[PDB]
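What follows is a single structure, written as structure tokens, with notes after it.
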Protein chains: 4
Amino acid sequence: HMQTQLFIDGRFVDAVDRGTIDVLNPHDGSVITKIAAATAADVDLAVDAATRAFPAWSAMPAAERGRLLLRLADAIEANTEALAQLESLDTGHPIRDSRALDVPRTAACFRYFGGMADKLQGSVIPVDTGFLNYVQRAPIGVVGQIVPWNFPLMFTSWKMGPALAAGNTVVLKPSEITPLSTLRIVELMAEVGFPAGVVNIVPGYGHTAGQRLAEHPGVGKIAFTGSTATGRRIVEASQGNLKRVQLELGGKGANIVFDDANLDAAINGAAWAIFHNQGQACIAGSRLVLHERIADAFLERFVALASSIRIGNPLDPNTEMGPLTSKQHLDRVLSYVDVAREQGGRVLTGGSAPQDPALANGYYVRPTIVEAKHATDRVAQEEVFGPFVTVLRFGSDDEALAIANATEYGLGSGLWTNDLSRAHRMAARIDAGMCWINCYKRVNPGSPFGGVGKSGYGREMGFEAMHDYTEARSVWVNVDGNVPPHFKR
Amino acid sequence: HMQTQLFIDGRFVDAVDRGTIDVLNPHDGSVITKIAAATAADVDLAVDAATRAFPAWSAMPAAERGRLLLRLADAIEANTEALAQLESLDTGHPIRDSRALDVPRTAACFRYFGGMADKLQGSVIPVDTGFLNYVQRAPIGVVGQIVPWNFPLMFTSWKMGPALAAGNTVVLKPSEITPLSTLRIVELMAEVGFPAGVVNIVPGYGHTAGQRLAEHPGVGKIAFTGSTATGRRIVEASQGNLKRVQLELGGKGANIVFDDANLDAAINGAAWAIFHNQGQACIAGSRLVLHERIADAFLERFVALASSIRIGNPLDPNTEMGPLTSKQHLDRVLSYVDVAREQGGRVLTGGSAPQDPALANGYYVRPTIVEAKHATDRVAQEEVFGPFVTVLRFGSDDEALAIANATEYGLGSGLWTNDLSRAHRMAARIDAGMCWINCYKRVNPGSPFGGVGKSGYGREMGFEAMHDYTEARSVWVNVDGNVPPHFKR
Amino acid sequence: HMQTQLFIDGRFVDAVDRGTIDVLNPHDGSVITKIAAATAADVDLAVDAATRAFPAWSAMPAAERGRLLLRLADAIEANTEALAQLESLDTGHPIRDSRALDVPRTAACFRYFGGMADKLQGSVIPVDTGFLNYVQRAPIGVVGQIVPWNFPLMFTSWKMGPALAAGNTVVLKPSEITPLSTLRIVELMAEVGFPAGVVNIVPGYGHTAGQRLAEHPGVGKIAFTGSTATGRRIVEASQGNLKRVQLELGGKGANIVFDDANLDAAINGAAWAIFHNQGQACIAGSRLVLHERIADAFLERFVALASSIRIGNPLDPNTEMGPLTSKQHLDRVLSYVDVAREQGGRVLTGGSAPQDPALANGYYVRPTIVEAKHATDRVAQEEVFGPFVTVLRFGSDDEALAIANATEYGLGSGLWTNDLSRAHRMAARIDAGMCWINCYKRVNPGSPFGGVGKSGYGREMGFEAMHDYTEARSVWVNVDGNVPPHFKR
Amino acid sequence: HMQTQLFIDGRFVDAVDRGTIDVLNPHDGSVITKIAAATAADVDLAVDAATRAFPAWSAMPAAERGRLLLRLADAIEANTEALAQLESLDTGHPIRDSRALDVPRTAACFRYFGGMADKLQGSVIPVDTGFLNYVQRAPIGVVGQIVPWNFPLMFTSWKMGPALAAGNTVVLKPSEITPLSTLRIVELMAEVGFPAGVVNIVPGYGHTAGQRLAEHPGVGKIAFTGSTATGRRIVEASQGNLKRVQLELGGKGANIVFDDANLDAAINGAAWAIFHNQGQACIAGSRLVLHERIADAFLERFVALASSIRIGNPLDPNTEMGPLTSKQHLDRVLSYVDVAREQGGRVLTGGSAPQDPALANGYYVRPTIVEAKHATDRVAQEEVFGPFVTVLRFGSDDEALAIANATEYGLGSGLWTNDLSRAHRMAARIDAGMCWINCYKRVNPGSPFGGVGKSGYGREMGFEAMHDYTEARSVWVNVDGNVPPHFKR
Ligand SMILES: Nc1ncnc2c1ncn2[C@@H]1O[C@H](COP(=O)(O)O)[C@@H](O)[C@H]1O
Ligand SMILES: Nc1ncnc2c1ncn2[C@@H]1O[C@H](COP(=O)(O)O)[C@@H](O)[C@H]1O
Ligand SMILES: Nc1ncnc2c1ncn2[C@@H]1O[C@H](COP(=O)(O)O)[C@@H](O)[C@H]1O
Ligand SMILES: Nc1ncnc2c1ncn2[C@@H]1O[C@H](COP(=O)(O)O)[C@@H](O)[C@H]1O
């Protein structure tokens with residue numbers, strides 16, 4: 001049985017208003033299933049359940065919370081193929097990706113945080129004589145999490161792993177475009193023994209369920225991943241009760257290839273950086289910044305590789321690139337081909353739907369490479385979020401850095417060089433939360449992930465995530481302080 | 001010579017529009033001086049100066065940022081008397097307090113952060129074989145800081161200590177009601193060698209300079225201490241560029257006295273907690289929560305102490321309590337006495353201006369103790385922010401806890417008992433960022449200070465403040481990762 | 001099949017000289033089995049195997065080392081009954097203790113360190129401009145571990161958990177008196193996938209296998225638990241190659257009962273503190289230090305409880321206390337009854353073997369309580385290591401502290417009081433690595449465990465253990481330091 | 001007035017036996033002065049004083065201990081020229097080096113630790129429900145420190161900075177060869193307000209004062225820097241009371257130059273690495289390991305630079321290299337020149353005293369460069385500790401690594417290359433506590449410094465030094481643990 005209902009207080013249930021949403025398969029636009037569609041009243045029920053569960057969940061020994069997460073990681077791995085199939089069906093990710101990347105990264109992140117739960121420690125502060133001052137890292141309470149459609153399975157672990165490990169209870173609103181793997185995950189949570197109310201899943205529209213969750217007076221923190229524009233609306237919503245906010249927003253990642261780069265490695269790395277996940281990744285290498293000396297040779301080979309990518313049915317293990325996750329998103333991406341040409345950009349390959357008649361009803365676009373004239377051009381500035389890379393050239397390291405920092409974003413970045421000093425100097429100077437040298441999109445559940453500036457704030461992963469999901473509770477005991485009276489009598 | 005101008009890019013300067021504000025002495029309403037009144041255009045010049053200075057300030061070794069803060073601490077101590085006099089003149093703080101508390105706490109916090117600058121360390125993450133992942137704690141950039149009028153001198157250290165130590169440049173908007181000590185502090189900063197543009201001071205109205213600072217696109221973080229309402233406006237303003245936000249908003253601190261307390265210590269503690277600084281402290285012990293068996297005995301002594309407090313001219317060394325800082329605030333506090341009586345509270349002492357004719361022109365109110373009918377009464381819920389304490393009684397530990405947590409605030413808290421288990425159990429369960437046991441208002445520059453819920457987020461002091469004034473910069477080096485091509489050919 | 005051979009390089013093997021050691025059941029003195037008896041040559045083979053395995057084990061991603069430990073914890077839990085039966089057979093621990101304490105503590109500690117493996121992080125140091133300095137916590141290499149007979153199963157986890165998680169390989173010499181559970185643990189390690197050579201177990205005499213392991217030039221650290229006198233010999237042995245040393249040595253724990261203690265709780269706590277594990281615990285509460293006001297009432301009840309303890313066959317689930325682990329150890333304990341009487345001590349209960357004829361061939365002694373006249377008496381100074389507690393009385397808190405600190409040991413300690421100040425003050429002033437308030441012998445795999453002074457140095461458990469099983473590796477990159485020549489030309 | 005007596009309990013005093021030692025000027029063999037010669041009885045007096053002082057020193061707020069170290073740093077800087085002159089007179093270091101390096105590094109280290117004192121924090125461990133477990137980092141007590149003659153002034157700070165910051169009291173035995181600057185340091189300590197007994201200085205012979213200090217039952221830790229043989233003797237002495245031990249025991253540092261190195265930087269780096277301080281540095285780059293393709297080129301320039309180094313009177317600011325510190329050490333270095341030639345090494349420059357007759361009575365030797373026939377030759381294996389470098393060549397990275405790791409030492413190391421992967425890969429694989437890339441001998445008071453294997457254990461500098469100068473004190477409070485009785489009745 002594929003689960004399709006909301007999950008509130010340990011049960012699968014219909015939405016209060018009995019609404020549904022059609023969930024589509026991006027390979028052919030067919031209806032996979034209808035899901036229950038959470039609205040404000042459902043979010044209220046979910047927050048109520050999380051509130052009731054919080055005292056017992058936070059009071060549970062940290063090792064006990066940890067153990068549940070470990071059991072969940074094992075269960076995810078035991079269900080790898082079914083979860084991969086479901087994620088591919090819903091998202092359009094090639095089955096080879098959901099098998100090799102989506103499922104294992106999800107399990108690995110839950111396993112990490114299972115081991116992390118009882119490794120977060122408080123502190124003892126050296127203060128005045130006769131005083132003891134201990135500081136706990138206490139959970140916040142009920143945390144609300146809003147997740148987009150590009151890595152829905154993976155994001156269950158990135159969001160919930162630290163939140164739960166830290167002793168918070170959760171209301172998570174996954175994308176209504178791709179909600180199916182998230183409902184399976186919570187089903188597994190119940191199976192391994194998560195208590196009722198600790199995790200509540202409320203798929204529904206952003207403007208119904210998402211808005212209520214961000215505004216809710218009983219929620220202590222809202223975590224959001226998506227567009228910079230929607231990020232602003234999350235911040236606006238947080239004013240009501242001054243809930244804490246975490247934001248992972250746009251990127252327009254530079255992928256810089258210097259003239260001493262290993263071209264083999266860099267060409268493959270560039271293709272990985274932008275075409276993996278159909279470019280639907282906030283850290284995609286969407287700006288390919290090529291040293292003038294190697295640019296022609298790089299592009300000859302990179303264009304040939306891109307043109308060869310096998311586009312097709314996500315469920316075929318031979319498929320290398322799937323469709324985009326929605327029709328609207330496909331049109332968004334194609335529209336940027338027109339934008340690019342109007343500003344004198346050259347389309348080196350792709351920029352249209354594939355020919356194959358078997359793909360005619362899916363949201364497919366060919367890998368697209370455009371060379372732009374200036375780093376200020378629209379396609380060099382605006383997030384396309386598809387398999388679409390904009391090429392720029394440079395001479396000096398200073399030029400490469402200026403290009404890298406030329407946008408409104410600062411999420412990921414990376415560069416290919418074999419010069420020791422350059423690697424570290426560039427990495428320090430690029431405006432980004434993450435910089436990959438001679439690799440790209442390396443993620444690890446202990447390695448802090450997030451942005452600077454308009455790319456948001458807060459970090460997923462590691463001790464950083466645990467810090468962001470707890471609050472300092474400072475306690476002072478006056479043992480022998482011998483404090484003189486302030487008003488002497 | 002008393003400085004009265006804006007401090008921008010290393011120089012004292014008039015405001016662009018040449019506006020001024022009158023700074024009053026609360027002892028008598030006299031105009032001490034005009035100051036230059038910063039508006040948006042001055043904030044822009046200040047942010048520009050800070051932006052220009054940031055690269056060289058951030059590139060300075062941490063130890064040498066630290067040395068400057070160390071030298072500043074020494075310079076403050078060397079100027080103790082003159083600084084104390086100026087603070088007392090502006091704020092109404094008794095000279096005995098500005099000498100013993102305001103100046104020393106300010107010096108201690110700068111000294112702490114001077115030693116802290118090169119103690120903040122990054123991390124190295126264990127990741128896949130053949131990869132090196134190091135994480136720096138980099139400064140944010142230009143940080144904006146808005147501070148109120150109750151501890152202006154001390155706030156310079158609480159705000160600027162961590163921000164500067166961490167490598168940020170600063171634009172600070174002190175209260176236009178009490179700006180004078182902050183201008184002397186930045187003059188000392190220049191004297192000890194702070195580079196031009198690293199610290200910029202722009203006193204002006206909230207709605208001119210403050211609003212622009214919070215909205216400014218060149219500012220990476222805004223820190224605000226003051227009212228909940230205004231805190232919401234700071235949040236709203238942050239949307240433009242998604243700058244990070246730190247908020248310290250109201251408190252309504254419970255001060256709980258159990259029947260096994262050392263009453264001598266607790267009585268003195270209670271008087272310190274609410275009457276020090278004329279009650280103008282976010283962490284004031286404004287709700288005195290007394291066990292029924294000892295409430296009458298406690299009050300008889302506490303009321304006698306309170307009625308004896310010597311109210312008078314701040315510059316008199318015998319003065320124990322000064323005036324409130326502004327006419328507006330005094331009227332507010334007197335309004336709450338009326339409210340208290342209106343809702344059936346019993347004013348046990350105080351509630352009106354002192355009799356002494358010499359004090360007729362100043363913003364004086366006597367220490368005020370009111371016993372409230374209910375924990376839901378206005379004076380038991382709303383921040384009065386004056387030398388005004390509301391008394392409530394309880395029997396059981398559970399009722400003490402319920403009272404303690406019955407407000408919209410969660411900043412500080414404390415309790416007096418000699419029972420081991422009760423002390424730790426109550427401390428864990430009270431909604432507050434700080435809990436003092438057998439003491440109150442203990443502050444130390446290493447001990448994290450801030451609130452939960454609508455009292456805000458972020459922490460002053462310690463490693464916590466350094467974390468909130470830096471960002472994670474994760475760098476990955478592929479040394480020997482041997483990453484297979486994603487598109488195999 | 002019960003394993004009895006050495007475990008070297010992934011296989012169970014006989015000893016080079018083909019020697020054996022008889023393993024006795026302390027309930028009746030019968031030979032359970034013969035084990036292979038390691039000598040110096042076998043230690044050499046084990047070190048060689050650990051040396052060969054070290055590069056691949058340390059190069060393994062920390063998460064993959066951690067996963068092995070997690071799997072081992074699960075395997076131990078799945079085999080709780082058989083492991084408990086085996087430990088009880090060999091050690092004399094009541095089966096109810098091996099089921100409820102020995103097995104679960106072993107699993108919990110291995111699980112903790114499995115989670116810990118990829119949570120240990122390096123650091124990045126703020127240094128001169130243009131330099132990058134990162135510091136790794138690298139494993140030491142091959143570590144030797146020598147473990148006594150009182151908690152042999154539990155000690156496998158306490159020693160091997162941090163060592164392995166940190167990326168060291170291990171040669172462990174368990175006690176030849178109680179080696180059987182350790183050989184089962186290593187077999188489980190092989191089953192869950194630990195590589196050959198990573199863990200090597202060499203049961204044999206201290207003076208053959210132990211001495212060679214301590215002296216071995218290829219071993220980078222030796223960890224020892226046991227007597228202070230043998231610890232000296234470990235230190236001596238370490239001179240050869242200046243290997244690192246960790247020591248947990250004698251204890252003579254004070255268990256202090258103030259006149260405001262919960263007597264119910266403290267009487268039960270005292271019995272647990274000394275009679276659990278037949279008092280064969282370094283942290284046993286072997287000095288019961290009683291406030292004069294409560295001493296008579298406490299003793300009447302404590303003596304009644306002690307004399308009611310059900311002594312019997314360890315394999316009966318009704319048994320509350322088993323025999324001591326060896327004949328020679330029984331005689332040590334009994335000899336101290338004579339010592340106690342000669343210095344005018346009074347035996348309140350026990351001090352002889354039980355009467356039950358079924359127990360005649362086992363190493364059984366009744367729970368023994370002696371009241372000594374002075375804290376300087378032999379039975380108040382010398383470690384007895386059996387179910388033998390020495391009572392002293394006191395008046396003031398200062399005398400209780402003086403008594404507590406009157407021995408040559410400093411391992412564990414504890415006290416029973418309800419006074420908040422006293423509890424923290426005493427805990428700070430007592431010479432010990434651990435102090436339990438209103439409890440005793442609380443152990444947790446994150447909570448550092450070890451002594452001060454002659455009780456040794458280093459810590460089991462937590463991040464402290466990880467620090468002690470790694471070494472700092474500092475790497476400096478001069479990116480842009482621009483260092484002027486020292487000899488200017 | 002040059003102080004020459006022992007410093008014990010706040011006072012300069014003669015030795016109990018009234019013995020003295022002659023302190024020589026290495027420029028001319030002349031007697032600077034006689035110093036008091038501590039023997040065992042004086043060590044006893046010093047440890048007694050430190051024991052008496054410990055309770056009040058450890059009880060002082062951390063910030064107050066910190067403030068004293070901060071003041072000391074300033075006083076050192078205020079006395080730069082006189083300290084530099086005294087250090088140069090006693091040690092032979094060129095005045096330019098004592099001014100630019102010895103004094104500033106000493107001040108910087110005390111300043112770092114003065115700021116560190118109140119930054120070391122304890123922990124709160126997540127444990128069973130209803131228990132609070134906090135862990136303090138408490139000082140050890142009285143610590144003994146034994147220091148050689150090569151950087152005597154700097155060693156005062158490296159040793160005493162962390163020990164004092166952490167709350168220990170100190171008995172320091174400086175080298176009797178170069179005791180004078182240490183006696184001035186402790187005089188400054190008294191001047192800035194260090195309490196009597198907190199720091200005690202006992203210059204005397206190793207076999208009288210040093211041996212007693214290492215054996216003393218009142219000393220909780222001994223820290224020793226010097227020869228391997230003497231380190232073994234320290235270890236042996238530690239057995240008495242099982243005091244903690246720290247050892248820094250020499251080096252035979254590889255300085256590897258790859259064929260892609262910046263030769264200008266590397267030639268200057270090599271000269272600094274071995275000729276600074278006359279090669280009397282345990283981290284000296286004493287093995288120059290050169291890639292075959294650049295070896296001849298490098299050596300032609302390096303030999304020319306070395307031959308040009310200006311040898312002469314330490315008091316002349318034009319002097320670049322002074323004499324060795326003692327006649328005995330000079331004879332040892334001259335003997336190693338003979339050894340080098342005996343084994344077929346090629347002396348490329350130096351190897352004997354300079355001919356200038358004004359230097360005839362001093363312990364002078366010219367910068368000496370020997371190309372060795374094999375990496376196993378004596379001068380390629382044994383510490384010469386003079387301005388003496390042994391050259392070896394290689395052809396693959398693996399050969400360079402094999403050479404690097406071919407000695408019995410593992411203290412410092414470094415390499416010069418511009419290949420990114422090689423830099424980090426080689427740094428990870430070299431057996432050493434420290435690895436410098438494109439630089440050498442970079443030391444910072446936050447960057448841990450120490451060896452592996454026979455080079456010792458423990459670390460100077462940073463949080464690492466603070467850890468090694470404290471002990472974990474774990475306190476458990478049973479608040480609401482609800483522990484069932486073990487013996488159910
Ligand atoms: N106004 C909104 N409030 C809350 N959530 C939203 C809003 N708009 C979209 N979302 C959700 O946020 C995720 C991504 O939105 P976007 O930032 O527009 O990429 C999806 O899961 C949406 O359901
Ligand atoms: N709209 C505003 N935006 C920014 N700052 C303000 C605003 N209104 C007042 N402030 C400043 O915030 C501090 C405390 O404000 P409040 O909490 O409104 O009393 C003072 O320095 C005020 O000048
Ligand atoms: N001289 C020794 N050297 C090394 N290990 C020993 C020595 N004597 C005993 N052991 C082992 O260390 C543990 C406890 O020894 P002890 O503390 O002397 O009773 C047991 O496992 C012994 O086999
Ligand atoms: N047996 C010893 N015990 C303790 N310290 C010594 C001993 N012999 C020499 N020292 C001291 O250790 C430092 C370095 O000595 P060494 O390594 O023997 O050259 C000097 O301050 C010596 O005086």
Side-chain angles (χ1 to χ4, degrees), chain A residues 144 146-150 152 155 173-179 203-215 222 224-234 236-237 247 249-250 282 385, chain B residues 144-150 152 155 172-179 203-215 222 224-234 236-237 249-250 329 385, chain C residues 144 146-150 152 155 173-179 203-215 222 224-234 236-237 249-250 385:
Chain A
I146 297 169
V147 185
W149 44 256
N150 60 314
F155 287 158
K173 204 295 281 174
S175 169
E176 73 282 5
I177 311 311
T178 61
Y205 298 120
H207 59 276
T208 49
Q211 189 62 38
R212 181 55 181 159
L213 185 58
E215 289 174 350
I222 183 71
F224 172 82
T225 301
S227 77
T228 287
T230 302
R232 295 195 178 88
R233 309 296 296 167
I234 297 293
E236 170 101 329
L247 305 169
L249 310 178
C282 302
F385 212 62
Chain B
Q145 306 180 315
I146 294 169
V147 285
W149 42 261
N150 56 317
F155 286 150
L172 191 151
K173 185 247 174 270
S175 178
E176 76 277 12
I177 303 310
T178 59
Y205 294 123
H207 66 271
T208 50
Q211 185 66 34
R212 178 59 179 160
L213 186 51
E215 287 172 1
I222 182 69
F224 171 81
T225 298
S227 74
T228 325
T230 300
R232 292 189 177 95
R233 291 186 67 89
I234 296 296
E236 196 278 345
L249 315 180
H329 188 51
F385 208 70
Chain C
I146 293 168
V147 181
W149 45 258
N150 60 314
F155 290 151
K173 210 295 283 173
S175 172
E176 71 282 7
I177 310 307
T178 57
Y205 297 123
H207 61 271
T208 50
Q211 186 64 36
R212 179 57 181 160
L213 182 60
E215 294 170 340
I222 183 77
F224 173 81
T225 303
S227 69
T228 291
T230 307
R232 297 200 172 89
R233 304 300 292 173
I234 295 292
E236 173 97 345
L249 308 175
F385 211 68

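Keep in mind that the numbers below use all heavy atoms, side chains included, and drop hydrogens, waters and symmetry copies. Order of listing sets the numbers, starting from 1, for every ligand and every atom in it. Reminder, nothing fancy here: chain letters follow the sequence lines and each chain counts from 1.
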Using heavy-atom distances, let me know which of A:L213, A:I146, A:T228, A:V147 sits nearest atom 21 (O) of ligand 1.
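Considering heavy atoms of A:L213, A:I146, A:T228, A:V147, the nearest to atom 21 (O) of ligand 1 sits in A:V147.
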State whether any protein heavy atom lies less than 4.0 Å from atom 12 (O) of ligand 3.
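When distances to the protein are checked, atom 12 (O) of ligand 3 has a heavy atom within 4.0 Å.
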What protein heavy atom sits nearest atom 10 (N) of ligand 1, and how far away is it?
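I find the closest protein heavy atom is A:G206 CA, 3.6 Å.
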How far is atom 14 (C) of ligand 1 from its nearest protein heavy atom, and which residue and atom is that?
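Protein heavy atom with the smallest distance to atom 14 (C) of ligand 1: A:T225 O, 3.8 Å.
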Ligand 2 versus B:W149, non-hydrogen atoms closer than 4.0 Å: side chain, backbone, both, neither?
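The answer is neither; B:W149 stays 4.0 Å or more away.
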Those atoms of ligand 3 less than 4.0 Å from some heavy atom in C:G210:
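Answer for ligand 3: 4 (C), 5 (N).
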Below 4.0 Å from ligand 3: does a non-hydrogen atom of C:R233 turn up there or not?
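Contact check C:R233 vs ligand 3: negative.
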Which atoms of ligand 2 have any heavy atom of [X] under 4.0 Å away?
| X | answer |
| --- | --- |
| B:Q211 | 1 (N), 2 (C), 3 (N), 4 (C) |
| B:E176 | 23 (O) |
| B:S175 | 21 (O) |
| B:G226 | 17 (O) |

Any donor-acceptor N/O pair, C:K173 side chain to C:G144 backbone, under 3.5 Å:
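Not at all, since once roles are kept as given, no pair shorter than 3.5 Å links the two residues.
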Can B:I177 be said to touch ligand 2, with heavy atoms closer than 4.0 Å?
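No heavy atom of B:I177 comes that close to ligand 2.
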